[PDB]
Structure formats: C-alpha cells, structure tokens
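>>> Okay, structure incoming, though there's no sequence with it:
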Ligand code: CLA
Ligand code: CLA
Ligand code: CLA
Ligand code: CLA
Ligand SMILES: C=Cc1c(C)c2cc3nc(c4c5[nH]c(cc6nc(cc1[nH]2)C(C)=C6CC)c(C)c5C(=O)[C@@H]4C(=O)OC)[C@@H](CCC(=O)OC/C=C(\C)CCC[C@H](C)CCC[C@H](C)CCCC(C)C)[C@@H]3C
Ligand SMILES: CC(C)=CCC/C(C)=C/CC/C(C)=C/CC/C(C)=C/CC/C(C)=C/CC/C(C)=C/CC/C(C)=C/CC/C(C)=C/CC/C(C)=C/CC1=CC(=O)C(C)=C(C)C1=O
Ligand SMILES: CC1=C(/C=C/C(C)=C/C=C/C(C)=C/C=C/C=C(C)/C=C/C=C(C)/C=C/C2=C(C)CCCC2(C)C)C(C)(C)CCC1
Ligand SMILES: CC1=C(/C=C/C(C)=C\C=C\C(C)=C\C=C\C=C(C)\C=C\C=C(C)\C=C\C2=C(C)CCCC2(C)C)C(C)(C)CCC1
Ligand SMILES: CC1=C(/C=C/C(C)=C\C=C\C(C)=C\C=C\C=C(C)\C=C\C=C(C)\C=C\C2=C(C)CCCC2(C)C)C(C)(C)CCC1
Ligand SMILES: [Fe+2]
C-alpha cells in the first residue's frame, strides 16, 4: 500500500528524485533571475517603477479601454 | 516588460537618499523617499515636494518676479524676512484670548528666529539662509522649523522653505533637511 | 504509477518547490 | 527499502526547511523591501 | 453586427465545452 | 569578506555535529 | 397622557392574561 | 422613538416569554 | 425614563441567572 | 570589539547563540531516531 | 415528543392541513398587505409630490402599487399631480379593501380545510395510503403559472386590456403609466428597457405552458425518483425555497442597480446615480445648452426644473442612512420647501471654485473649494492657526441664480462657510424641520431597506435550503444511526 | 437499485469508479471541488509572490516588489471597472493574460473559483455523508463559513461601488479592510457584529471547557500514566466521568450539562449562529446601513460641551480614521486633502 | 455645447462621472 513509510526510505524513490527536485529549484531560480516573469507577467521592475511622464501612482480610471490604457500606463 | 535579467550580485545602486533634479534655471537635491505633490501652495509655484508619511515634511520653490536688482537691494536679513510673512501662515482665529499664555495678545502662534546667515556663491552672489521656529499655542508637532533660502536669478526671485516637523527634527530628518537646504543652487 | 494520490501529491509538490526556488532566487535580488 | 532511515530523511528535510527559513529572514535585512 | 465581446463569448463557451470534454476524458482514462 | 565564509563553515560544523553523532551511535551498537 | 396609558394598558392586558394562560395550560396538559 | 422603544422592547420581551412559559408548563404539567 | 428600563431589565437578567443557578432542574442518577 | 589576539574569531563567536535551539532540535532528532519509544 | 422547533412537522403527511396552513398564510399575507397600505395612506402626505415624494416618506408598498398601474386614490389626489375626478374602484385603499376581503375568504377556506381534512382526493385508489401525485401536481401548477404569466404579459402590460406599466424618462422627470409595446430583440434584453417586459412574460408564459403540458404528459423515471428524494414533499420544499432565494437575490440586485421595472420616480434614486453624477451631469449640460448661445448663468437656472435639483442631493441618496435611523426621510432631514439655486463660488482674483461632492461612504466630510484645474484652493479651517487656505483670508463670495435666492452674492465668512457646508451635500435646499421633529441625520430609501431585508432573507433561505437538502437526502437516519 | 434489473450504463460506471476508497476521495463533487480549489489556491499563492498592485490600488502586494507574507496580497480590481467580472477574454483584457494580471482580474477569478470551491467542498461533505450514511452536521455547521465568504467578498462589493471596496486576498489587506469597517462603518458598535463576536468567543469557551473537562474527568482505564493509550477505538463505554463533570460545574458555575448530545450540539450551535449573525451584519453594511450614530447621545453631546463619553470618543476617532483614509486609500477620488483640514488634537 | 468644458466643470465636483469615465484615454 506504501503508507508514506517505505517510500521515503526507498533508494529507488530517492535516486529518481535526486535530479527532479534540484531541476525544479534551478528552473524556479532562473525564471525570476532571467526576468521571464517580468516579461510574461506585466510586473514592473524597480528601475522601471516610474515613467518620465507621471511621477505619481498610476490611475486606470476606465472600464472598457482599460487594456490599451494599462498598455500606455505600464512600464512599456 | 522587455526581456532583461534581474538585478542580483552587483551591489546597491543608491543609498545616500538624495536624487538630483533640475527645473527652470535651477537645480537642487531632492529626497528619494519624498513624493512631489500637486497641491500648489502659493500662486507662483513651479516645483513642490513632500513626504508620503507626513505631509508636514514638505518643500517648494517660488518663481515670483522682482522689481529690484538683487536681494542686496532688499537689505538686512531682518528686513528681508519682515516682508514675507505670508509663507508661514496667518492665524484665522480672531477672538481675543489670554487663556493660552506665552504669546502676544490675540495671537496663537509665534515666529522664533533661530538664525541668519550670509553665504557667498562661487564668485559674488549671496545665498541668504535663515532658520525660523513656527510654534503654535498648543505646540502641534512641538512647533515647526522654517529653513528658508533665497537668491536672485535673471528676474524670478527664487525662495525656498524646507518646512518640517520638530519631532522629525530630532527623530531623523534634520540631516536630510540640511542636505536639501545647502544644495539649493541657482544658476 | 500515475495514481490519484500520485497526481494529488504532484500538483501540490512541483509548483510549490518551483515558486520556492523562485523566492530563494528572489531574496538575493539586489536593488 | 529502509536503507536510509526515516528519521534521517525527516532530519534532512527539516534542516533544509529551517535553513531556508533562515535565508528568508535574512532576505528581510537585504534585497528588495529591506529599508535600505 | 458581431461584436468582439460576442466573439470572445463564443470562444469562451467553446473553450468551456472543451474543458468539459477534457474532464470527461481524464476521468474515464482511469 | 572572509568572516562570512568562516561563519558559514562554522554553521556547517555546528549543524553537522548533531546528526553525525546520532547516526554513528545508531549504526554503532546502541545504548542510546 | 398619550403613551404612558398605552404602556399601562399593555401591562394590564398581558400580565394577568399570561398568568391565566400558565394555569390553563398547566391544567390542560394534565389529561 | 423615546417611548416607541418602550413599546417595542415591551412586546419583544412579552411575546417570547409568554410563549416559552406556556409550552414549559405544558411540559411540566405532564410530570 | 431609559435608566429605569435599563436597571429593571438588567436586575431581571441577574435575577433569572440566580433562578437558573439555584432553582434549576435536578438531574437524576438513574 | 575583539582584540588583536582574538580578531579572526568573530565569525567563530557569531555562531555560538544558536547552540541551545539546535540542541533541543538535536533532542527531537534523538527521539525520532529511537523511533519514539 | 416533538420540540418547539419541530411543531409544524405535525402536518408533514397531512395534505388537508397542508392546504389549510397554506391558505391561512395566504390570508395573513393578504391582510398584512391591506393593513400596510391603509396605514401608508393614513400617514401619507400628498402636499408636495415633487419635493416630498412617497420614497421620502418611507412609503414601502405604495411604490409597488404605483409600479403596476394604480396611481389615483379615492381621496381626490393622484401622485403625478393631477386630480382624480373619477379614480374608479381600484384606488390604494380600495385595493386594501380587496386584500382584506380576500384575506377573510382565505381564512374561512383555511378553517374549512382544517375541519375537513380527511378528503379522499388525498387517498390514491391503488393502496389507500397517504400520497400526493407530485409530477401531475407540478405539471398542473406549471401550466397555471405559464397561463398567468402569458396573460399578464399579453394583456396587462400591453395595455390592450390592462393599464400597462409606469415608464419614466432616463432622468426621472415626467413619468407616466402607459401601455408598452414588446421588444423582441436584444433591446428587449436591455435591463433598463421597459419594452422587454411584455416580450419576457409572453415568451416565459408560452414556454411554461409547453413545459407544463409535457409534464402532464410524460411521467418521471425511477433513477431521478430515488436520487432527488422525489418521494418526499420536502424535496419540493427544498427546490421551491431554492427558487425563492434565487428570486430574492435577483430582486435585491435589480433594486440596488436599477432597471426597467424599478423607476426612480416611484422607488427613489440609487447610490450609483449619485456616485456617477447622473443628475448633476444632466443639469450641467442643460446649462451648457442655452448658456453657450447667450442668456448666461445669471438667468435660465430657473429653467432648471426643481425636481432635478432635488435629485441632485446626497440626502436623496438611498445609501446615506443607518441600520437604526428609523422611519421616514422627512423625519430625518425635514421636508424640502424650495430650491435656492446652484451655488457659484468665486475667490478674490476671479476663478470659479467648486465644492467637492460628498462620497457615499462618509457620514461627515470636510468642505473644500477646488479650482477648474483640480487643485484645492480653499478649505474650512480646522486648525485656523498658521493656515493660509481659509476663506477668511482667501476672500470667496457665493452667488445664487434661478431659485428663491437669485443673483444674491454673500461675502460674509460665516454665511459663505455655512452655504459651502450645505453645498457639500450637493444642491442647496431649505428644509422644514419643526413639523416632524427632525433629528438631523439622513435616513434610508425604501429601495435600500427592501434590498437589505431581501438580502438577509436570501441568506437565511440559503441556510434553509442547505438544511432541507440534508433533510431530504437523510430522511432515514434522523432519530439515530444503523449502529451496525 | 429498487429490485429492478438496472442495466449498468455510463452513469453507473462513473458512480462506481467515483465513490470508492482512495487516499483522496474524488467522487462526483471532485468534478468541481478539485479544479476550483486548485485554481483558487494556485491563483492566491501566485498573487502573493508575483502580482503587483501598482496599477490596481497603486500599492505593493507581492514578494516580487519586496513585500513580506502579510503585506503580500491578491489585490482587487480598480473601482473604475465597477462590478465587472474582468474576464481574460472579456472587454477588459481581450485574451491578454499579461495585462489581465495588471488589471486585477485574478481577484475576481480567484474569488469566483473559491466560491465554487466552497460549494464543491460542501458537496464533498454531503457526498461522503451519503456514501457511508450518517447525518451531515458537518455541512450544517459549514453553512456559516460560506455565508461569511459570500457576505463579505460578494455582497459587500456588490452593494458598494465595486470590488475595490471588497477585501483583498492578503493578511495586511484584510487588516486594511477591517480598519476600513472600523472607520467607515463603526463595525464594533454593530448589533449583529456583537452577536457574532459573542457567539465566537462562546465557541472558544465551549471548545476549551469541553476539551479540558473531558481530559480532566477521565476514568482510570490505566495502570499507566499516559492516559492517551487508555482509550480503545472499539469500546461501547464512557471514557470520562460526565456525572462528576456535572457535579463539578453545578458547584462551580451553578449550571451544568446533563446531556452529551445537547452539549455537542450547542458546541456546534454557538459559532454557526455567531457567523450567520455576523454575515447578516455585513450584509446590512453592504448598503451603507450602519449602527453608526446614537441620535439622542449625539444630540446631548451637541448641546452639552461637557458631556464626554467613550461613544463620542469612538465617533470622533472614526471621522478621524476616514479623514486619513480618503486620500491614500481612494486614488480614484484623487482627494488632495491638505494638511490643515486634517483633524488633530493638541501637540503630537 | 463643448464636452471638454463640462468635463473640467464636473471634475472638481467629482471624478467618477460616466462622461469622465468614457473617452478619457486622451488625458
Ligand atoms: C470544473 C470546471 C470549470 C467550471 C465549472 C468553470 C467555470 C467558470 N470559469 Mg473556468 N476554467 C476551467 C474550468 C472550469 N471553469 C479550467 C480547467 C480552466 C483552465 C483552462 C479554466 C480557466 C478559466 C478562466 C481564465 C476563466 C474562467 C472563468 C469561469 C467562469 C465564467 C466562465 C464563462 O465566462 O463562461 C462559461 C462557460 C461555460 C458555462 C461552459 C459550458 C459550455 C456550454 C454549456 C456549452 C456551449 C458551448 C457549445 C459547444 C457552443 C458551440 C455550438 C456550435 C458548434 C454551433 C465560470 C464560473 C472566467 C472567470 O473566472 O471569470 C472571472 C475566466 O476568465 N475559467
Ligand atoms: C417556507 C420555507 C420553510 C418551510 C415550509 C419550512 C418547514 C419546516 N422547517 Mg424550516 N427553515 C427555513 C424555511 C422553511 N422551513 C429557513 C429559511 C431556515 C433557516 C433559518 C430554516 C431552518 C430550519 C431548522 C433549523 C429546522 C427547520 C425545521 C422545519 C420543520 C418544522 C418547523 C418547526 O416546527 O419549527 C418551529 C418554528 C417556530 C416555533 C417559530 C419560528 C419563528 C422564528 C422564531 C422567527 C419568527 C418569524 C416571524 C414570526 C415571521 C417572519 C416570517 C417572514 C419574515 C418570512 C418544517 C417542516 C426543523 C426540522 O427540520 O425538523 C427536524 C428544524 O429544526 N427549519
Ligand atoms: C420586506 C420587509 C420590509 C421592509 C423592507 C420595510 C421597510 C420600511 N418600513 Mg416596514 N413593516 C414591515 C416590513 C418591511 N418594512 C412589516 C412586516 C410590518 C408589520 C409589522 C411593517 C410595518 C411598518 C410600519 C408601521 C412602518 C414601517 C415603515 C418602513 C420604512 C421606514 C424604515 C424602517 O423600516 O425602519 C428601520 C428598519 C429596521 C430597523 C430593520 C430592523 C432590523 C432587524 C429586524 C432588527 C430587529 C432584531 C431584534 C431581535 C429586535 C429586538 C429589538 C427589541 C429590543 C425592541 C421602510 C422603507 C415606517 C413608514 O415609513 O411608514 C410606511 C412605518 O411607520 N413598516
Ligand atoms: C387576485 C390576485 C392578486 C392581484 C390582482 C394582486 C395585486 C396586487 N398586489 Mg397582491 N397578493 C395576492 C394576490 C393578488 N394581488 C395573494 C394571493 C397574496 C398572498 C400571498 C398577495 C399578497 C400581496 C402582498 C404582500 C402585497 C401585494 C401587493 C399587490 C399590489 C402590487 C403588486 C406588487 O407590486 O407586488 C409584486 C408582485 C410580483 C413581483 C409577482 C411576481 C411573481 C413571481 C416572481 C413568480 C415567479 C415564480 C414562478 C413560479 C415562475 C414560473 C416559471 C415559468 C417558467 C412559468 C397589486 C395591486 C403589494 C401591495 O402594495 O399591497 C397592497 C404587497 O405588499 N399582494
Ligand atoms: C480565517 C479563519 C478560518 C480558516 C482559514 C478556516 C479554514 C478551513 N475551514 C475548513 C472547514 C470548516 N470551517 C468550519 C467552521 C469554521 N471555520 C472558521 C474559520 C476558519 N476556517 C470559523 C470561525 C468557523 C465556525 C463556524 C466548518 C464547519 C468546516 C468544514 O467542514 C471544514 C473542515 O473540515 O474543517 C477542518 C477547511 C476546509 C477548507 C477547504 O478546503 O475548502 C475548499 C475550498 C477551497 C480550498 C478554496 C478556497 C479558496 C478561497 C475561498 C479563495 C482564495 C483564498 C486564499 C487561498 C487565501 C486568502 C487568505 C487571505 C485573505 C489572508 C479549512 C482548513
Ligand atoms: C447593573 C448590571 C447588571 C451591570 C452589568 C450590565 C451589563 C454591562 C450588561 C451587558 C451584558 C450583556 C448581556 C451584554 C451582551 C449582549 C450580547 C452580546 C448578548 C449575547 C447574545 C447571545 C445570545 C449570543 C448568541 C450567540 C451564541 C449562541 C453564543 C452563546 C454562547 C454560550 C452561551 C456558550 C456557553 C458558554 C459557557 C459559559 C459554557 C459553559 C458550558 C458548560 C457549563 C460546560 C461545562 C461542561 C463540560 C463538559 O465537558 C461536560 C461533560 C459537562 C457535563 C459540562 O457541564
Ligand atoms: C374574518 C372576516 C372578515 C375580516 C378579515 C380581516 C379584518 C382580516 C385582516 C387582517 C389584518 C389587519 C392583518 C394584518 C396583519 C399583519 C401581519 C400579518 C404582520 C406581521 C408580521 C411580521 C412578519 C413581522 C416580523 C418582524 C417583526 C416582529 C418586527 C420587524 C422585524 C420582523 C420582520 C422580524 C371579512 C369581513 C373579510 C370576511 C368575513 C369575516
Ligand atoms: C563551543 C563550540 C562548539 C560546541 C558546541 C556545543 C556545546 C554543542 C552542540 C551541538 C549541536 C546542537 C549540534 C546539532 C545539530 C542539530 C540539528 C542539525 C538538528 C535538527 C532537527 C531538525 C532540523 C528537525 C527535527 C524535527 C522536528 C522538530 C519536527 C518533526 C521531526 C523532525 C525530526 C523532522 C563547537 C565544538 C561546535 C565548535 C564551535 C563552538
Ligand atoms: C495562477 C493561475 C493559474 C493556476 C495555477 C495553479 C492551479 C497552480 C499552482 C500553484 C501553487 C500551489 C503554487 C504555490 C506556492 C506555494 C508556496 C510558496 C508554499 C509555501 C510554504 C511555506 C513557505 C512554509 C514552510 C514551512 C516552514 C519553513 C516552517 C515550518 C513548516 C512549514 C511547512 C510551515 C493558471 C496558470 C492556470 C492560469 C490562471 C491563474
Ligand atoms: Fe466528548
């Protein structure tokens, strides 16, 4: 039945998980360090926190054209 | 959201807390944690900055036109200060009271002059620097210190005040206020 | 294997360590 | 099967988690959002 | 005429039907 | 800074001292 | 007197009415 | 609502207390 | 007028606390 | 601060406080190693 | 035996008393309706239909009376302003008398059904045990529901036989009861379009008639019979209470957001209209037109209707009262007597300042004066010490046009502060207060109280539907478990 | 079923494969509960590490900005969007996930999927209770958490201007929402809220007193100091002396329980009643219907400058709360309130 | 007549009017 006792103590289970867990850790490291989260996410970096046009917090103030509005109010 | 790596293992970029800024015919150091406010105080304001925590820690500049030649034509520091009493704030309470004490009759605030100065520029132009304590009857924030600096450009008499709370003055704002005050260079 | 317990454990095992390594990289991100 | 002790496995997992918590608490004195 | 909102509605509904079919397949694939 | 590396190796020395003792005593005889 | 009389009337129409209802139900539930 | 509060609080006390008392003595009458 | 109502209803509350404490239903061991 | 004789020992002494909390953790390790007898 | 919370389960399997208690509940509801609108007519003040409408007096069932077509009264007055020369039999308290006689008839029928409970109609000829033919009963009831919906949508609202409905202009000025033609397109699905209601009820009635016929025809299957606890009447109970708090959430939403059958003139405004500047935008573009072509803001403010300015008031907001600010809105702020005109504030140099409108979320709000460019020029000084924004030193005068005060410019600091505080709430109105002993705070609209009560009732009925679902599926193990 | 042949079909095969013993029970309710709950927890855990609030509330609410666990939050959509559901395909985003995140649409996504997850969890409780046939009082008690969830995450924003006034998914954001009701609504003085807090502290009372009493009036069952092993899973006899408990509480408190069943049912009864009354109170708050002002007390405070009370102190502190709220909590109002108009006391 | 002048007239009063929420992407 393998009730969480023999599984963690099994060398066969440990060997196949000696690669996948570090691979996931390295991929998670690189996903933030390479800025892919910044690219596919839309989150602003601290260097591009503010634009030259506005020194203050952004305001959408719209409901329907908010897509192109956040396009022109984000950090490009 | 263009593709570039994160900032890691390359030391810090800014720690001094001051970010340079220039406007029209002038340039000074502004605090990096302060946010400029759209609340224009006087009718002749070009730039104004303030702290996001408390709006008391604020600063702005004045671009009023001049009719004289220079601040030297204005004369002594006391005579120069005595003409510009609108910057501190007039008392809107007019009823006579003696139940507050320590101040003049029908007065709830006083302007305690903490100092004057005569600072010269690179060649010959003087940078008037003063310090005025602006207390109240209740002593809100333990009073307010007025750090004013003035100079003469090609017209456009430029005044400054770094108004800040007195509790902030001994709780970690005096050095930043002095750094703003001594960097008000007008060319 | 690919059992129900396998999928249930993996769907909460893989992404949490992915974001965990993300936070680990994210702590050392300088200014 | 039982070659690596379960208490040993739990000890390794716990030390990994505790050191990671120490790293995260270290991340409040440096990096982003660390008042510097 | 046919609005982009209505087009997105049609795409969302056929996507939901695809999701339902995928749920059925995943539960019948033991 | 050398103090950081020696801090980390001292931390390694103090985090490994316990498990090494308990593992060696678990594999060598008993009476623990 | 416009509402104190209302309160007096309310107390008079309830308190003995409630007392009578207590006694009546105490007898009615016993066979 | 100076004495409208009086009449509202009065009836809010009265109706459940009379109701509960009636059904309680119904219970207690049968031993 | 309100103070009388507050006092009366609160002393009634504490009195019925007393009633529920002392004049309660005695449980049976059977 | 540290003197001239003990100057490189600051990273050594920097680790000293965590000994008792790591010690109660060691006690948990030993109780887990005796299989919670 | 049965505890106090199970008393009505004495009539779970007795259809005669089930019909009887339904009849007497119907009687009590009809009697309450009649008594409530009698009380509302007794306490209603028709003195000013514009500045003191029914929703400013806390009238609750009367706006629903005026929604379906009953507008006149036997007292010789109509809410729209006209005089009911021949109001007819169907007045407000005439409908009350109809409700009362219906309640009496229903109560007598309830007593009859209680005393005659052993009716062979509830006994099936197969075995003689107590049973109800639930599929055919539902088919019949759905057929009657479809027939009534189709009739109400084909004759009442169409006006070929009935009175139609109350339709108002977008800003709620005129208002009228008239027949409405059906809207068979997407405009019919426009929630603010009254042309969809006849089409909605006609299509719903046709579909209900067909569904009831199919139910009368085809019987259900064994699988759903043993799944949904079909054999228990409690399944019908759980499904029906599910439907009614569905409809409760529907009515709460449509009352809070406004729709075609929710007129502002009858049920009060919405807080979203105030937060969206609807009446203010209407007034100001009615000023822009006829000000851009001469006849400037000195006059033509009297051209602005007084109802519109009453609508542009935060005291008219339905979300400005409290949980316990109890009663009529007039008992809250006083009855409006007249409009003093739009306040125009000007400082010492000449720019026109404006007072900031009060957000609905605040009970109190500071008074500030902002320029056209959006930066505050003055404020009511709290500190008044080392303050350089006060009106006493800025020099702002207030002027009024088109109202009881027209062309009058006040320069005194106390009165300009007071009228700025009054204009903080929106338009400027005078309220009579000593006639009803007004406390001062704002009350809530009948629409707001309706929405609050129905939201609470919908939550309670969601709990009831969960409990009855448990009761339906678990009818076998109530008293205990199988212990094996 | 029902002594008829009942030829096995797709429904029968699905039911037989679904209601069976596993490590995680799938059943029919797992068709909704598992995907909806998985999506909700994934969206929230993604939001507290990734989603910036700089374009929704103009704040920082994730670990990518340097926030900690509490200040990280899935932030609500902007009030300009009103009560829009903010679909990724809808007119707000139109298929663009990247800017759908910046719109705050995942707030509505996660709230919707969490409501469906609550529905699926209650349905899972009902399905398990049907599968092995005992009363569903767990679902009866679970009726109150979903009431709270609906009444604070949907009813309040739908009654107010929009989702911006709805709470955001995050501990410090919940704290902001809590102080928002403290200032704007006087939620402490609300009667239904006092009903709820009384019920919840009474639930804590009953839980603590029941656990302590049971563990303190236990029978012997021993010959060993570890009483935990004194209990056997298969026995039909009492493990704690209830009559001793009744005597102890009759002599300590004056009243005591005479029934385990009524004791446990009242333990169930107190928090469900408290949470339902709190839900009704926040439902009342959803339409700006508050227990804010006591009319008579504010009147006598107005015509009496000496009449100071704690209630009037609370009222004044609340308008101070709101005066400091408006500017930095309502960007879409852009309330540029100056420093002088802010109410404040002497010194400080 | 001009919608821009009434826009700047509604703005100091409130910043949530529907006409301010529509076609304000130019600002
Ligand atoms: C348990 C399955 C399930 C359920 C019940 C839901 C339910 C829901 N989702 Mg969701 N979703 C799911 C799985 C599910 N989802 C999965 C697996 C994913 C990952 C791909 C998503 C990703 C997702 C996103 C990104 C979003 C939703 C959203 C929504 C909500 C609105 C959906 C909508 O707008 O149209 C409703 C869809 C249906 C009713 C599907 C039913 C299909 C009908 C009955 C058939 C009609 C189609 C038919 C083929 C027509 C073509 C005819 C032609 C051939 C002539 C809704 C409550 C939206 C939301 O949360 O709002 C904020 C949203 O943006 N979902
Ligand atoms: C029309 C809907 C409806 C109907 C027909 C029923 C019918 C029934 N319910 Mg039920 N219930 C409902 C809705 C409904 N319920 C809702 C919405 C809830 C959530 C609050 C409940 C919660 C509930 C529980 C917890 C229980 C029942 C039970 C019962 C059964 C016995 C009732 C009884 O004798 O208690 C007697 C009730 C009283 C003696 C007085 C109740 C009145 C209270 C105190 C408020 C007073 C209201 C006021 C006078 C009128 C306001 C009405 C108006 C605002 C709508 C019965 C067949 C019981 C059961 O299932 O048996 C095991 C059971 O314990 N119901
Ligand atoms: C759908 C239900 C409903 C709704 C929405 C309304 C709405 C309204 N009613 Mg009405 N009413 C109703 C049912 C309803 N009523 C019923 C069933 C009756 C018969 C008893 C009445 C009898 C009635 C009268 C006589 C009057 C009104 C009035 C009003 C208006 C004034 C606001 C108000 O009610 O005060 C505030 C509302 C509340 C405070 C709600 C209370 C919330 C709960 C129930 C608190 C109570 C719980 C607690 C346990 C009670 C203990 C208190 C105790 C100590 C005294 C308002 C628009 C007044 C009016 O304008 O004339 C038409 C008026 O004089 N109503
Ligand atoms: C001869 C029948 C009749 C007629 C002509 C009227 C007429 C009237 N009634 Mg009334 N009423 C009746 C019977 C009738 N009633 C009965 C039998 C009762 C007891 C239950 C009531 C109880 C009652 C009350 C409490 C009140 C009225 C009120 C009113 C007045 C306003 C109606 C209103 O706004 O409410 C709105 C009516 C509706 C919204 C009807 C909606 C029907 C629901 C939503 C059906 C949906 C479910 C359905 C099964 C769906 C079918 C499925 C489909 C696919 C087929 C109006 C003049 C109001 C009034 O002002 O007092 C005088 C009011 O307070 N009545
Ligand atoms: C904040 C306090 C609090 C939390 C966190 C909590 C948590 C829980 N309660 C449960 C149960 C219950 N709650 C109950 C009574 C109560 N619960 C209470 C208070 C709480 N209960 C109170 C006060 C009562 C008294 C009435 C009952 C009666 C039950 C159960 O039946 C059940 C149980 O067995 O208890 C152990 C569990 C099942 C939830 C689940 O899987 O749903 C499935 C759905 C999921 C996971 C989707 C939810 C996603 C949410 C809605 C949206 C995203 C939110 C983020 C994940 C987190 C945001 C956090 C920030 C806001 C700070 C869960 C661990
Ligand atoms: C002049 C005066 C009088 C001055 C004082 C005035 C004053 C200020 C008055 C205000 C006070 C007042 C009443 C205000 C509060 C108003 C308000 C909030 C009302 C409360 C409303 C209320 C009904 C809440 C409903 C919500 C809800 C149902 C909670 C009820 C909580 C409740 C009663 C729980 C039980 C609490 C508790 C004490 C537990 C004891 C139970 C008990 C004896 C268990 C012991 C026990 C354990 C065992 O394990 C076994 C085995 C046995 C056998 C056994 O027994
Ligand atoms: C017999 C007769 C008659 C008469 C009749 C009548 C006269 C009736 C009536 C009646 C009436 C006159 C009625 C009324 C009523 C009322 C009601 C029915 C009510 C109620 C209730 C409720 C439901 C409430 C609740 C509540 C409270 C308590 C408070 C507030 C809150 C609440 C809501 C909770 C006739 C001639 C016809 C015929 C022959 C004989
Ligand atoms: C002076 C000095 C010294 C000494 C010291 C001492 C005196 C001692 C010790 C020691 C120690 C002290 C060691 C240790 C270690 C430990 C560890 C490493 C731990 C652990 C654990 C964990 C991590 C976990 C656990 C758990 C829990 C709690 C839960 C459940 C179960 C488990 C098991 C999982 C030396 C020489 C070093 C050098 C330097 C200085
Ligand atoms: C978003 C989204 C989505 C979904 C997703 C999913 C469904 C998934 C997931 C996911 C997840 C699910 C994630 C996660 C995370 C997690 C975490 C981050 C964790 C944690 C924990 C912690 C950190 C703790 C630790 C500890 C310590 C250290 C101490 C002691 C012990 C304990 C354990 C407590 C998609 C893409 C579809 C699209 C739409 C949106
Ligand atoms: Fe127990």
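Perfect, I can see it now. Residues are numbered from 1 along each chain as shown, chains lettered A, B, ... in the order given. Ligands and ions are numbered 1, 2, ... in the order given.
>>> what are the ranges of the strands in chain J?
Assigned by DSSP state E, chain J shows no strands.
>>> and the longest helix for it?
helix J:19-33 (DSSP state H).
>>> Check which helices and strands it is in contact with.
helix D:6-26, helix F:2-27 (3 or more C-beta pairs under 8 Å, 6 or more residues apart in numbering or on different chains; DSSP states H and E). In short, each C-beta sits where N, CA and C put it, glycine included.
>>> give the contact list for whichever residue of chain G sits closest to chain D.
Closest contact between chain G and chain D, by C-beta to the nearest C-beta, is at residue G:3 (63.9 Å). Shown here is residue G:3, whose contacts under the criterion C-beta atoms under 8 Å, 6 or more residues apart in numbering or on different chains are H:3, H:6, H:7.
>>> one more time with 6 Å, if that's ok
residue H:3 (C-beta atoms under 6 Å, 6 or more residues apart in numbering or on different chains).
>>> picking up where we left off before, so the longest helix of chain J versus helix F:2-27, what angle?
30 degrees (axes from the mean of the first three to the mean of the last three C-alpha atoms, to 10 degrees).
>>> Which residues belonging to helix J:19-33 are considered buried?
Counting neighbours by 16 or more other C-beta atoms under 10 Å in any protein chain shown, one finds that the buried residues in helix J:19-33 are J:22, J:25, J:26, J:29, J:32, J:33.
>>> State the distance from residue L:122 to chain H.
32 Å (C-beta to the nearest C-beta, to the nearest Å).
>>> Then residue B:158?
64 Å.
>>> Just confirm that residue is within a strand.
Yes: under DSSP: H, G, I helix; E, B strand; the rest coil, residue B:158 sits within a strand.
>>> still on that earlier bit, adding mean neighbour count as columns, could you present the helices and strands packed on helix J:19-33 in TSV?
TSV is the format used below for those (neighbours: other C-beta atoms under 10 Å in any protein chain shown):
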stretch	mean neighbour count
helix D:6-26	14
helix F:2-27	14
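>>> Go through these and name the closest to residue K:288.
Residue K:288 lies closest, by C-beta to C-beta, to one member of those: helix D:6-26, at 59.5 Å.
>>> which strands and helices sit next to the closest one?
If contacts are counted by 3 or more C-beta pairs under 6 Å, 6 or more residues apart in numbering or on different chains; DSSP states H and E, helix D:6-26 sits against helix J:19-33.
>>> For the closest residue to residue A:43 other than its chain neighbours, give me its contacts.
When the adjacent residues along the chain are set aside, residue A:43 lies closest to residue L:52, with 4.7 Å between them (C-beta to C-beta, 6 or more residues apart in numbering or on different chains). Each residue near residue L:52 by C-beta under 6 Å, 6+ apart is listed here: A:43, L:62, L:65.
>>> so who does residue 2 touch?
No chain specified, so I'll use chain A. No contacts exist for residue A:2 under C-beta under 6 Å, 6+ apart.
>>> my question was about chain J
residue J:10.
>>> Go again with 10 Å.
J:8, J:9, J:10, J:13 (C-beta atoms under 10 Å, 6 or more residues apart in numbering or on different chains).
>>> One more: residue D:27?
C:23, C:24, C:26, C:27, C:28, C:29, D:33, D:34, L:63, L:66, L:68.
>>> gap between it and residue E:18?
As judged by C-beta to C-beta, to the nearest Å, residue D:27 and residue E:18 stand 42 Å apart.
>>> how deep is residue E:3 tucked in, by neighbour count?
9 (other C-beta atoms under 10 Å in any protein chain shown).
>>> quick one: it and residue L:90 touch, right?
No: using C-beta atoms under 10 Å, residue E:3 makes no contact with residue L:90, being 11.5 Å away.
>>> Spell out which residues are contacts of both of the two.
residue E:9.
>>> ok, residue B:80 touching residue B:87?
No: using C-beta under 10 Å, residue B:80 makes no contact with residue B:87, being 12.0 Å away.
>>> Overlap in contacts, those two.
B:148, B:159.
>>> Name the surrounding residues that touch stretch G:15-31.
Stretch G:15-31 has contacts (C-beta under 10 Å, 6+ apart) with G:14, H:14, H:17-19, H:21-31.
>>> Give the buried residues for it.
Buried residues in stretch G:15-31 (16+ other C-beta under 10 Å): G:21, G:22, G:25, G:26, G:29.
>>> Give me the subset of those that lies in strands.
Going by DSSP E, the strands hold none of these.
>>> Please identify which of the residues you listed is nearest to residue K:364.
Taking C-beta to C-beta as the measure, residue K:364 lies nearest residue G:21 of the buried residues of stretch G:15-31, at 50.6 Å.
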